[PDB]
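Colleague:
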Amino acid sequence: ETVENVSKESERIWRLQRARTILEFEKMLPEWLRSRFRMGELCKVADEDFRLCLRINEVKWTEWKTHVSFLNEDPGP
Amino acid sequence: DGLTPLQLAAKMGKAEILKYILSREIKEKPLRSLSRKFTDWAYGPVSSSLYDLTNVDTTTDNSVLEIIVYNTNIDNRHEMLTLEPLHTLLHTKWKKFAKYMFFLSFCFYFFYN
Amino acid sequence: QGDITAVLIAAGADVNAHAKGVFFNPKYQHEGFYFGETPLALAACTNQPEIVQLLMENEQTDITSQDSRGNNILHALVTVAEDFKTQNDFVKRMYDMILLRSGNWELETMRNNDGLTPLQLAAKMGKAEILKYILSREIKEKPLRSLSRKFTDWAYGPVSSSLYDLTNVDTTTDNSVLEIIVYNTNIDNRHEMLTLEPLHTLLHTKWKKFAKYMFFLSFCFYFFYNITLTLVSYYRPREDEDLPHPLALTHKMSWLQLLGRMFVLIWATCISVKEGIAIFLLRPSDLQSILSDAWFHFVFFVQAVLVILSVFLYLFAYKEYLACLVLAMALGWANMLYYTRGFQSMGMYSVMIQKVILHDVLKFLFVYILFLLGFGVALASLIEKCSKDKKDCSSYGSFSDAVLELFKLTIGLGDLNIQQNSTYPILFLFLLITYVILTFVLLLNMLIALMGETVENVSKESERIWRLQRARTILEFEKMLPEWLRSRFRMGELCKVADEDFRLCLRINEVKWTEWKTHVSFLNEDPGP
Amino acid sequence: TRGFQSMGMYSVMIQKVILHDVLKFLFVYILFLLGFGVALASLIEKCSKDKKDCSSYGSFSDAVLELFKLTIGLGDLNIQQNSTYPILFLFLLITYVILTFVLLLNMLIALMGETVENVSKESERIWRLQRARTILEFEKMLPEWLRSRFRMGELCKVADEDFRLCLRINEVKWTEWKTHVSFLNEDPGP
Ligand SMILES: NCCOB(c1ccccc1)c1ccccc1
Ligand SMILES: NCCOB(c1ccccc1)c1ccccc1
Ligand SMILES: NCCOB(c1ccccc1)c1ccccc1
Ligand SMILES: NCCOB(c1ccccc1)c1ccccc1
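Chains as they are written, first to last, in the entry's author numbering: chain E, 679 to 755; chain P, 340 to 452; chain W, 227 to 755; chain L, 566 to 755.
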């Protein structure tokens, strides 16, 4: 299974052995100026405007549905 | 042990239940406050998804990535980091932050040798 | 909402609207969804066949309408339709539906603000699956089979002859389909597009009638070219004339022993002018094709110029008279890898050379330098610091000689005489054995590094890169072919439906068996005298 | 080497590579040979050489052969004794061995591509045809007298003649039973 296992496991060991470095660098990063990611705090339902921290993605095609979700726009200025 | 069930699903490494907890989209309106995935907007086959991401990011004590990636016991850490709230968050820590420190800590320890 | 939509049209909504907002987005993947901004295309883009069935029955609907980008509706379906197979694939089903609902041929002749027909836009965007429809498009009707691109010559049981309308397809107009498929670099699946029947047999016929014989001709010229540089410089028949000059044209030379020296000077200048024009053309291709193709334009040009600069160096007589010649001769034999295209497995081996040298040698070399320089410092204790027993009497370079005598082992050109020390040769060789075993494991993993779907991917992608890197040569040869006497392919101009006898240029095929049907197509015969 | 089931199946793989794919590799291996050989033959007869033009002959040819002996591994150091260009000699000649390793490493991958199936199985099926042609050739070699051999007993078919036709007996097997109405209902007989 070098067609699969010796190649793929050596890839997945590597991604874990790089993702451990990245969280190690945040311990190395000083607490001041983590002015970074963790996107804008939009509403959830409730009365507070900023409810929670967020993360934005870009999902895609077929299996449409007539959506009833949220602010019906494009993301805004 | 002091663990939330999201953290307990990560420490025990149960991947499939953790694909639900980090997504959890709820298409209702008495109780869509319990949902972890939201929507920014939807316009045909292009749509923007929003993740509630409270204990997920490395900003509190013993976060989810803190207890997935530093964990050694479980087998399928790679099957868990493929998931969308963990993945693009790891990519964004990579691109904005960790790529440039790694090349910086390269050129120091390479000029060292 | 289909029910609410018909109310709004009955209430008088503008069906020919245009939404010119910032959702066009060159940064496409976020906030985008370009759909050509008309209400007709939006139902056409988002799998709404009944609303398209509703909107195109409205007589006020401008189906021929354009966009801010100049796009009509068939441009809009092209710019959306993904190269995913059968996503209950609606766009090809609905591209089919719009032309058959309405329209003359005067809808795919419409160009955008780039000047592209929707066949060309499907090729430039590289949407393969919609382009398998446009180039086939057989229509088994008789109000509107004039819109069809595939026809039939005749049908007789399970043997039947197919005819392709082939207007903008062939390289006979400006910016044709093969012009914009094969020279394209942006899209991924150029090989998935050239497998298609109007493009394939047309590329085969340009290969067999035309490009095979020029390629062997341009082989035997550029192969006799490199023999001549070998037989001029490094021949020396008997006792040469006191360090001569290779490309010199001295007073008495029989006309077999200097015409080859003219043969170099002509065919180097013939190449130097040729890709010198490719400086004026290939401005964005070289950086975008950062590893794939068009490097061989450069390596031909660098080889041709350094021959000529060696002649310019003779007129000034600097020190690098011989230096610029030999790198021009060494690239000249290395340039034969461009002529390793042509045999179906030969370039398929040559692409695997180009894959490993570009991608994965620098992978292995960076690790192999690393254990070299790692054990080399470990070895250079045992030079200049250790016993050495007789040494500091040979040449130079304490660290450098310790590296090289550890670096000659990978050749196998191994020296024992560098190792004569005092009681540390126990510790020398068991160090140096752990070099060879460690540089065996770097070698053994290097074979496994190419492994990983070698049963499929390393073989098949090296084949499909080769077919694209040969199909780019063939269209390059037609630019090389002069405009007079292209009396060639592009078969006879038979009728379509209309009153003109010669309607369009054609291409004949030989389709086959089961799933019969009682045919109503064309002239019911065999092809004719 | 026909005759053992895996022996010719190895021997056909010899006949496949020597006919098809050696001339593949040899045309590229001559190419980097003749490519670096001109690059090496600056460092013979044009460069330092420090003691040379006293040995045998052949300025370009000796520079080729001493670069051509490395593929054996029969490598000579004494051909390389020059002046300060042996820095540039060996790092040229290393880039010969690495380049003629990649030609060697891709040569293993050149036989790869469905070696799990096609290179093994086709070399088996070519062998079975190339052994079955021998066997019918031996019957042309066998003289016509005493072919008292196979072609089993001539049992009836339906008709009035007892010996109807020549035969061949097999031993077919299990499930999908049926209540048979075929022939002489026995075991084959004394
Ligand atoms: N587009 C993802 C880029 O980040 B991924 C990544 C790439 C290199 C090193 C570390 C992480 C990744 C993260 C989670 C799952 C899979 C891949
Ligand atoms: N305080 C220790 C810093 O060392 B660094 C380091 C730490 C662990 C492993 C390798 C290197 C470092 C990190 C980034 C850039 C430069 C150096
Ligand atoms: N019978 C096809 C021969 O031409 B094909 C071809 C063969 C060698 C080099 C270039 C092209 C071909 C053309 C299109 C798709 C696939 C193969
Ligand atoms: N005017 C330049 C002609 O060079 B030819 C050429 C052009 C590009 C790459 C290689 C060779 C050529 C073509 C066919 C036959 C012989 C030579």
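In this text, a Cβ means the ideal position worked out from N, Cα and C, and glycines have one as well.
What residue ranges within the segment 662–735 of chain W form continuous beta strand (DSSP E) runs of no fewer than 3 residues, ordered along the chain?
Modeller: none
Colleague: Using 10 angstroms around the beta-carbon of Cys612 of chain L, count the other beta-carbons present and answer buried if the total reaches 16, otherwise exposed.
Modeller: buried
Colleague: Would you mind giving the Cβ-Cβ distance between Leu605 of chain L and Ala628 of chain L, rounded to the nearest angstrom? I have them listed as a contact below 8 Å.
Modeller: For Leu605 of chain L against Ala628 of chain L, the beta-carbon gap comes to about 5 Å, under 8 Å, which counts as contact.
Colleague: Can the beta-carbon of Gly568 of chain W be found less than 9 Å from the beta-carbon of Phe442 of chain W?
Modeller: yes
Colleague: Between residue 188 of chain W and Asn452 of chain P, what straight-line distance do the alpha-carbon atoms span, to the nearest angstrom?
Modeller: Within the shown structure, residues of chain W are numbered from 227 to 755, placing residue 188 of chain W beyond reach of any answer.
Colleague: Compute the distance between the beta-carbons of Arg716 of chain E and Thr398 of chain P, then report whether it is under 9 Å.
Modeller: yes
Colleague: Could you check what DSSP says for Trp559 of chain W in three-state terms: helix, strand or coil?
Modeller: helix
Colleague: Would you decide whether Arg733 of chain E is buried or exposed? Buried here means 16 or more other CB atoms lie within 10 Å of its CB.
Modeller: buried
Colleague: Looking at C-alpha atoms only, which residue of W:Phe377, W:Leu280 and W:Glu751 is the closest neighbour of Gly228 of chain W?
Modeller: W:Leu280
Colleague: List the residues of chain W whose Cβ lies closer than 8 Å to the Cβ of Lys611 of chain L, in chain order.
Modeller: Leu548
Colleague: I need the DSSP call for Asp627 of chain W, collapsed to helix, strand or coil.
Modeller: helix
Colleague: Can you list, in chain order, the residues of the segment 720–752 of chain E whose Cβ is nearer than 8 Å to any Cβ on chain P?
Modeller: Answer in chain order: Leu720, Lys722, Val723, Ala724, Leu730, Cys731, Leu732, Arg733, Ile734, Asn735, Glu736, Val737, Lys738, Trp739, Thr740, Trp742, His745, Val746, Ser747, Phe748, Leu749, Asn750, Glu751 and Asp752.
Colleague: Compare the C-alpha of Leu551 of chain W against each of W:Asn561, W:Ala543, W:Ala560 and W:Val537 and name the closest.
Modeller: W:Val537
Colleague: Can you tell me whether DSSP reads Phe377 of chain W as helix, strand or coil?
Modeller: The answer is strand: DSSP assigns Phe377 of chain W an E or B state.
Colleague: Taking the CB atoms as reference points, tell me whether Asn412 of chain W and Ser402 of chain W lie closer together than 9 Å.
Modeller: no
Colleague: Does any CB atom of chain P fall closer than 9 Å to the CB of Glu679 of chain E?
Modeller: no
Colleague: Would you say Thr566 of chain W faces chain L, with C-beta separation under 9 Å as the test?
Modeller: Flagged as an interface residue toward chain L: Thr566 of chain W, by a C-beta distance shorter than 9 Å.
Colleague: For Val408 of chain P, which of helix, strand or coil comes out of DSSP?
Modeller: coil
Colleague: Any C-beta of chain E within less than 7 Å: which residues of the segment 235–269 of chain W qualify?
Modeller: Interface annotation for the segment 235–269 of chain W against chain E: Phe249, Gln255, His256 and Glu257, criterion Cβ-Cβ distance under 7 Å.
Colleague: Which residues, in chain order, sit with a beta-carbon under 6 Å away from any heavy atom of ligand 3?
Modeller: W:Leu420, W:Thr421, W:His426, W:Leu429, W:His430, W:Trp433, W:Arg693, W:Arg696 and W:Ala697
Colleague: With 9 Å as the limit, tell me which residues of the segment 378–393 of chain P have their beta carbon closer than that to any beta carbon of chain W; keep them in chain order.
Modeller: Listed by position, the residues of the segment 378–393 of chain P near chain W (Cβ gap below 9 Å) are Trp380, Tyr382, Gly383, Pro384, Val385 and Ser387.
Colleague: Just tell me which of W:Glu687, W:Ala269 and W:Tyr565 has its CA closest to the CA of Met320 of chain W.
Modeller: W:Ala269
Colleague: For residue 802 of chain W, which option in W:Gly352, W:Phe527, W:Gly383 and W:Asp322 has the closest C-alpha, if you only look at C-alpha atoms?
Modeller: The structure shown does not extend to residue 802 of chain W, since chain W is modelled only from 227 to 755, so the question has no answer here.
Colleague: For the candidate residues L:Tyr650, L:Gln580 and L:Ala697, whose alpha-carbon lies nearest to that of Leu608 of chain L?
Modeller: Distance check between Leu608 of chain L and each of L:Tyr650, L:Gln580 and L:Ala697 places L:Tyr650 closest, using alpha-carbon atoms only.
Colleague: Can you check whether the CB of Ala243 of chain W is closer than 9 Å to the CB of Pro265 of chain W?
Modeller: yes
Colleague: Is any heavy atom of ligand 4 found at a distance shorter than 8 Å from the C-beta of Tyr575 of chain L?
Modeller: Shortest gap from the CB of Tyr575 of chain L to any heavy atom of ligand 4: 8 Å or more.
Colleague: Would you check if the segment 327–345 of chain W and the segment 698–714 of chain W touch, i.e. whether three or more CB-CB distances between them fall below 8 Å?
Modeller: no
Colleague: Do the segment 562–579 of chain W and the segment 586–602 of chain L make contact, defined as three or more Cβ pairs closer than 8 Å?
Modeller: yes
Colleague: Taking only beta carbons into account, state which residues of the segment 270–301 of chain W come closer than 8 Å to chain A, listed in chain order.
Modeller: Protein chains in the displayed structure are E, P, W and L, and chain A is not among them.
Colleague: With a CB to CB cut of under 6 Å and the five nearest residues on each side skipped, what residues in its chain are close to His301 of chain W?
Modeller: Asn338, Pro344 and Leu347
Colleague: So, is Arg696 of chain L buried or exposed, given that buried needs 16 or more other C-beta atoms within 10 angstroms?
Modeller: With fewer than 16 other Cβ atoms within 10 Å, it is exposed.
Colleague: Please name the residue in E:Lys722, E:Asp752 and E:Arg693 whose C-alpha comes closest to that of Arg416 of chain P.
Modeller: Ranking E:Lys722, E:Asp752 and E:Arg693 by Cα distance to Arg416 of chain P puts E:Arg693 first.
Colleague: Start and end of the beta strand (DSSP E) containing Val385 of chain P?
Modeller: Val385 to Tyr390
Colleague: Do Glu355 of chain W and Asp309 of chain W have their beta-carbon atoms positioned less than 9 Å apart in this structure?
Modeller: yes
Colleague: Do you know whose CA, among W:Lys617, W:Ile503 and W:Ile644, lies nearest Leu630 of chain W's CA?
Modeller: W:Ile644
Colleague: Between the Cα of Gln286 of chain W and those of W:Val248, W:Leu455, W:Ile235 and W:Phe489, spot the shortest distance and give me the residue it belongs to.
Modeller: W:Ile235
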